[PDB]
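A lone chain, given as structure tokens: the form deposited in one PDB entry.
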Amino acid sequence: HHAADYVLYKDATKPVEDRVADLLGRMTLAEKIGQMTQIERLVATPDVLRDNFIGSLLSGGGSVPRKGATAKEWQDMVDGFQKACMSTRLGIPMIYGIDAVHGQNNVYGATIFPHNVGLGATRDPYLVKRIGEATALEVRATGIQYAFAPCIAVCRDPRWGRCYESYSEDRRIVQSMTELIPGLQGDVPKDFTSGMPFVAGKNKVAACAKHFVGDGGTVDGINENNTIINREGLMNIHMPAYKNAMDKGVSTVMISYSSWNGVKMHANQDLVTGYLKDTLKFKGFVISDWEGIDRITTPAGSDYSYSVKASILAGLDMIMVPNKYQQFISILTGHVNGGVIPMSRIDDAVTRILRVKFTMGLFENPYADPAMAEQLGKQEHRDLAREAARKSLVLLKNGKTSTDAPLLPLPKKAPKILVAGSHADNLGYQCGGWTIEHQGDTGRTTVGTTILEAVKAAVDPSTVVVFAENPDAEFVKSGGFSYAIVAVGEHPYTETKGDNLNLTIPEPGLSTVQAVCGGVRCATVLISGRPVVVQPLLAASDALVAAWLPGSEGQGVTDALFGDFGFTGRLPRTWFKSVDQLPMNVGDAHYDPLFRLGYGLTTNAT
């Protein structure tokens, strides 16, 4: 268009499909396969990115330039990688992805929002939208353009170690919370075609609905195992939120490690190509999970040639290798060179990858915006997270008998109060998994406000606040306490080790609640990623609050304990009486819950 060295794909005024086709028709097989390859930052260097025409990088959980890195360190890392990609012959910018699943959670100082189960308790899709918006800003603060979220798993058994990543056992709640998508990506246009990818621009990020499909239905909630259920239950429980995601223009879809009636999702042509692509008309890109194609075989990794063939023929577009890029590229090249994988399949994968990159404006803004750095941890975002944490809490008990004075809301003025328990002053525990590290961690791992700090920030200046993590019964009886706040619950976990058959919280937890509550009236704040065995905690407590994993802003808990707002959260999951009942979901066979889905007591603001 009017310039002698004009190249259509580099013209920002041209339609996405014309730019995609113009670039595709120029590309070598190596350039195409390179687009289909995502690698860890851990194995990336400028030479590797350029020489192998790499399409994408990620940080997996915990993969950071260093502990404590600033927003600008992250931007410089990403820009460094981008500079190498932009130096290739075609200058195709890479997309950098990360798990920003409750805020930009690998990053020191990022606001940490409640995990999804808690957000399910809010029944507030617009709140979740706003969390998508703020999350996109904090992701862009670190120069990253792609978030592996939302997890739209419908967790059907809380024994799953990722159940906290599911908004609900009820697909309708999960469906409603796909509002995260236009938060992260921006609202789609008036006349948008369902299935088309969308990202508004450099202040938004590409999203990822994950993990397709039936990841929350696995047998015994075993991570990555088999989901046994007929087409009718897959389609009526596990699938419908994918269609909501298509309707809101989700840019990518990550495949599950799990199998459906014994067929690995990473090899399932019928569901990946026949259904997602050809029926839902998904036109963005399909990405593997981490070594997901390796896991097609048993043992994993034992026929990588097969893994590459099966996956790429099933319809996956981009492979999260994430380490052995040379072997992946080599193998896929050999398959294409020997006619095992046709060029039409490569061309489809590359079309989709490029369609997402061009749509989102990556060719126009490949580099980080330094003015966005200050969005990290922004106080407006913390206020939003604090609102979310507050709305997530479900009050399960407020008085031992129907005749007692309600314990909550507590008075902010009292001569002396006790805050106690393993979880009262532990930021990492109140954040849970996928915070700083993959598995979360213990202690002051980022910037936030623990429940103890929140108490001290809320009470009258005459109120003496005593902290003891695990006091004995005598300490409490002698203390002259008006009341106690005791917080206990689960330790941080994920998939690999959150898979638990007993669901009873670690000691000391119960023993501390018993010592505290046997001495003074007590409000027990239970921190968990899921329902856990709760009868003994309930029997000891005057009041008991399921706080889930509320994130960095512990003042959302005290906002409700001290009556600045009323409790409004409702269970988004069934609370079982015994683990022997499981699986047990609302609508079931012999449904006998301790608390049904939807239960929650309320209070009025004081």
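Residue numbers run from 1 along the displayed sequence. The term rigid core refers to the maximal set of C-alpha atoms that superpose within 1.5 Å between the two forms. Shifts are known only where both forms have a C-alpha.
Stretch comparison (364 to 372 versus 496 to 504) by mean CA B-factor in the PDB entry places 496 to 504 on top. In this entry, 587 to 595 has the higher mean Cα B-factor, the comparison being between 587 to 595 and 15 to 23. Reading the B-factor column for the CA atoms of 559, 40, 553, 580 in the entry, the top value corresponds to 580. Between the residues 132, 509, 118, 93, it is 509 that shows the highest Cα B-factor in the PDB record. Looking at the C-alpha B-factors along this chain, the one for residue 197 belongs to the middle third. When the CA B factors of the chain's modelled residues are split into thirds, the value for residue 429 lands in the lowest one. When the CA B factors of the chain's modelled residues are split into thirds, the value for residue 257 lands in the highest one. Ranked by Cα temperature factor within the chain, residue 86 sits in the middle third according to the deposited record. In the PDB entry, residue 534 places in the middle third of its chain by CA B-factor.
Note that the form deposited in another entry isn't included here; everything after this is about it.
Among the residues 500, 273, 351, 176, the single one whose Cα moves by at least 2 Å between this form and the one not shown, once the core is superposed, is 500. Between this form and the other one, the CA-CA gap for residue 498 and residue 239 widens by 3 Å or more, being larger in the other form.
Compared with the form shown here, the Cα atoms of residue 422 and residue 499 sit 3 Å or more closer together in the other form. In sequence order, 221 to 224, 497 to 501 are the runs of at least 3 consecutive residues whose Cα positions differ by 2 Å or more between this form and the one not shown once the rigid core is superposed.
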